Amino acid sequence: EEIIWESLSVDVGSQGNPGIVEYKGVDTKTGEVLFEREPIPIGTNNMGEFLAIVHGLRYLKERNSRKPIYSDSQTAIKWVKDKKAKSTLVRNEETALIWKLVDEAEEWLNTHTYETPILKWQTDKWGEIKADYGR
RNA sequence: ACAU
DNA sequence: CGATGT
Ligand SMILES: [K+]
Ligand SMILES: [K+]
Ligand SMILES: [Mg+2]
Ligand SMILES: [Mg+2]
């Protein structure tokens, strides 16, 4: 603790895993939805969590905001730190879209800079992250 | 085991 | 119960 309330919180929602993947980012304090990604027909939970963080980085950079990002995903936080999403999802025609988005997110990380702290939301102490889908 |  | 990840 404590929660850094002046922050952006992100989370993934899915119908199946692998399955339909979406994500959103919210103001940690107010819950206002700041962005939402159109559902992607096939992806994994961790790919969605990764895309959500990267989108948060791009969102905050465009707005000249120094707020941190919270995610509850140990995996996605690491993948962003590494600038490499180490997903097991097969590459085929069905997964081409998510893989294009993941590849492009990695490419963005490799061509841009940011100071945004990426923080682990401590679900066991604080409850569900504010961007949770309730599924 | 831990995080989803 | 299954799957995605470190
Ligand atoms: K949920
Ligand atoms: K497991
Ligand atoms: Mg999550
Ligand atoms: Mg959730």
Side-chain angles (χ1 to χ4, degrees):
Chain A
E1 299 229 15
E2 233 287 76
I3 294 164
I4 298 165
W5 290 103
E6 188 171 317
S7 59
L8 170 69
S9 293
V10 302
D11 197 19
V12 72
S14 87
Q15 298 162 238
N17 184 30
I20 301 175
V21 165
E22 64 194 318
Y23 67 74
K24 70 180 178 283
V26 310
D27 184 305
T28 301
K29 168 172 49 217
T30 66
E32 178 187 0
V33 177
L34 299 176
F35 55 83
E36 288 181 281
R37 168 65 214 197
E38 170 175 295
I40 302 157
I42 295 166
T44 69
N45 63 329
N46 294 323
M47 296 165 107
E49 299 270 20
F50 172 77
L51 295 173
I53 296 172
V54 177
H55 192 75
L57 290 170
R58 295 177 75 164
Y59 176 92
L60 293 170
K61 182 179 188 73
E62 177 71 21
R63 291 162 181 74
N64 296 315
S65 173
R66 290 173 51 83
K67 284 176 185 182
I69 296 169
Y70 278 114
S71 167
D72 67 19
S73 176
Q74 185 178 120
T75 296
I77 293 170
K78 181 179 189 294
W79 287 359
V80 171
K81 181 179 179 182
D82 295 342
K83 305 189 173 199
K84 169 57 70 173
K86 202 174 130 195
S87 179
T88 66
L89 186 67
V90 63
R91 285 187 185 259
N92 59 33
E93 213 155 85
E94 303 181 19
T95 68
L97 175 51
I98 190 102
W99 267 118
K100 184 159 188 291
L101 296 172
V102 169
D103 291 341
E104 287 169 348
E106 289 176 343
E107 179 59 29
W108 187 89
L109 294 172
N110 283 329
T111 49
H112 298 75
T113 67
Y114 64 88
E115 291 170 41
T116 306
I118 298 171
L119 305 177
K120 177 66 174 68
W121 181 261
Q122 295 179 53
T123 306
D124 59 323
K125 302 179 183 174
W126 306 339
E128 279 274 20
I129 194 163
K130 301 315 181 172
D132 186 49
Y133 277 80
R135 294 173 181 186

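Order of the sequence lines sets the chain letters (A, B, ...), proteins ahead of strands, with each chain counted from 1.
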Nucleotides bounding contact with chain A, strand DNA chain C, heavy-atom threshold 4.0 Å: C:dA3 to C:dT6

Sugar-phosphate only, base, or nothing, as touched by A:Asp72 at under 4.0 Å among non-hydrogen atoms: sugar-phosphate

Distance-only criterion, 3.5 Å: show the donor-acceptor pairs between side-chain atoms of residues 45-60 of chain A and protein atoms not counting sequence neighbours.
residue : atom : partner : partner atom : Å
A:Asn45 : OD1  : A:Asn17 : ND2          : 3.3

Student check: side-chain heavy atoms of A:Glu115 and A:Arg66 closer than 4.5 Å: yes

Co-members of the apolar cluster containing A:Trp121 [side chain, <4.5 Å]: A:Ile3, A:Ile4, A:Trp5, A:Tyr70, A:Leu119, A:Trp126, A:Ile129

Within 6.0 angstrom of A:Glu6 CD, more than 12 heavy atoms from elsewhere: no

A:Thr113 backbone acceptor or donor facing A:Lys61 side chain under 3.5 Å: yes

Start and end of chain A contact along RNA chain B [non-hydrogen atoms, under 4.0 Å]: B:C2 to B:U4

DNA chain C contacts among residues 46-60 of chain A, heavy-atom distance under 4.0 Å: A:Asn46, A:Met47

Exam field: side chain A:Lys24 to backbone A:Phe35, donor-acceptor pair closer than 3.5 Å: no

Steps toward side-chain contact (heavy atoms from CB on, under 4.5 Å) verdict (A:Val12, A:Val21): CA-CA 7 Å; A:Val12 72; A:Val21 165; 3.9 Å; yes

Within-4.5 Å side-chain heavy-atom neighbours: A:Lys130 and A:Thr30: no

Enclosure of A:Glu94 CD (heavy-atom neighbours >12, cutoff 6.0 Å): no

Show every donor-acceptor pair shorter than 3.5 Å between a side-chain atom in residues 77-86 of chain A and any protein atom, with sequence neighbours excluded, or say none if there are none.
residue : atom : partner  : partner atom : Å
A:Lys78 : NZ   : A:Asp82  : OD2          : 2.5
A:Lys83 : NZ   : A:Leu109 : O            : 2.6

